[PDB]
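A quick write-up on the structure given underneath.
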Amino acid sequence: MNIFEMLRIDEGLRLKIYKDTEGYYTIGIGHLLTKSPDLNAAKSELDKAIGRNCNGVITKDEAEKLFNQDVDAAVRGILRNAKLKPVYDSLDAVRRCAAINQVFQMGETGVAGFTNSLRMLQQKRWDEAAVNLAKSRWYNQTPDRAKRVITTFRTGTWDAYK
Ligand SMILES: COc1ccccc1O
Numbered sequence: 001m002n003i004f005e006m007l008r009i010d011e012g013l014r015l016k017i018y019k020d021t022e023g024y025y026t027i028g029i030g031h032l033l034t035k036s037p038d039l040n041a042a043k044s045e046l047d048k049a050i051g052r053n054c055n056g057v058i059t060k061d062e063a064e065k066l067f068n069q070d071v072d073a074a075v076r077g078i079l080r081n082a083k084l085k086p087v088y089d090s091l092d093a094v095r096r097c098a099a100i101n102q103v104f105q106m107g108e109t110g111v112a113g114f115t116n117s118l119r120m121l122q123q124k125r126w127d128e129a130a131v132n133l134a135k136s137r138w139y140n141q142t143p144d145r146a147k148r149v150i151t152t153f154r155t156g157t158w159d160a161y162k
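Numbering (the entry's author numbering), first residue to last: 1 to 162.
Quick look at the structure:
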């Protein structure tokens, strides 16, 4: 297991524009296209992202290309974030994947409500962190996925990903 296999399990792979768990136009391996309810806006974003007229459909290679970019940008975003970087740097590699997964799903603005969890993670108070992590809109809206990511934060193992 590594971050790609992990997020591939959590995000799935769909080659045509679909709506994510939040109802937002998405394609590929959790590549968010837009929050706009306008499908034409999403199709425009898609063509922009891929560099050709896709008419709402891409290939597996193109999905994986966006996925590579998206994972990379999540990591680079964490590293530029004054609040996230020291926590992330304190973590071992497996728990770092949990952090990337969370940011990938919810963005940095999302992981901002997680001040208390972040402190507990930095302190390596793993069971406390895991309890705090689950007290969230995140967990309640996507509980099976959040349980996997939280187990990853709690144990630093890939147990939840089989
Ligand atoms: C709350 O989990 C994180 C820890 C460190 C960096 C990013 C995170 O989402």
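No residue lacks a Cβ here, since even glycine has one placed at the ideal position from N, Cα and C.
- Note: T26 is bridge-paired with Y18 and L32 in the DSSP secondary-structure output.
- Within the same chain, and ignoring the five residues on either side of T59 in sequence, the residues whose Cβ sits closer than 8 Å to its Cβ are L15.
- Taking C-beta atoms as the reference points, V57 and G156 fail to come closer than 9 Å.
- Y88 has its CB nearer than 8 Å to a heavy atom of ligand 1.
- Between ligand 1 and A98, a heavy atom-to-CB distance of less than 8 Å is present.
- Using a Cβ distance threshold of 9 Å, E11 and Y161 do not count as a contacting pair.
- Between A134 and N140, the alpha-carbon positions lie close to 8 Å from each other.
- Taking all protein chains in view, the Cβ of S36 is surrounded by fewer than 16 other Cβ atoms within 10 Å, so the residue is classified as exposed.
- Counting C-beta atoms within 10 angstroms of its own C-beta, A82 has fewer than 16 neighbours from the protein chains shown and is therefore classed as exposed.
- Relative to the non-hydrogen atoms of ligand 1, the Cβ of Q141 never comes closer than 8 Å to any of them.
- Sixteen is the threshold: when 16 or more other Cβ atoms of the shown chains lie within 10 Å of the Cβ of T26, as they do, the residue is buried.
- In this structure, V71 and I3 form a Cβ contact; the two beta carbons are roughly 6 Å apart against a cut-off of 8 Å.
- Taking 8 Å as the cut-off, the C-beta of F114 counts as close to a heavy atom of ligand 1.
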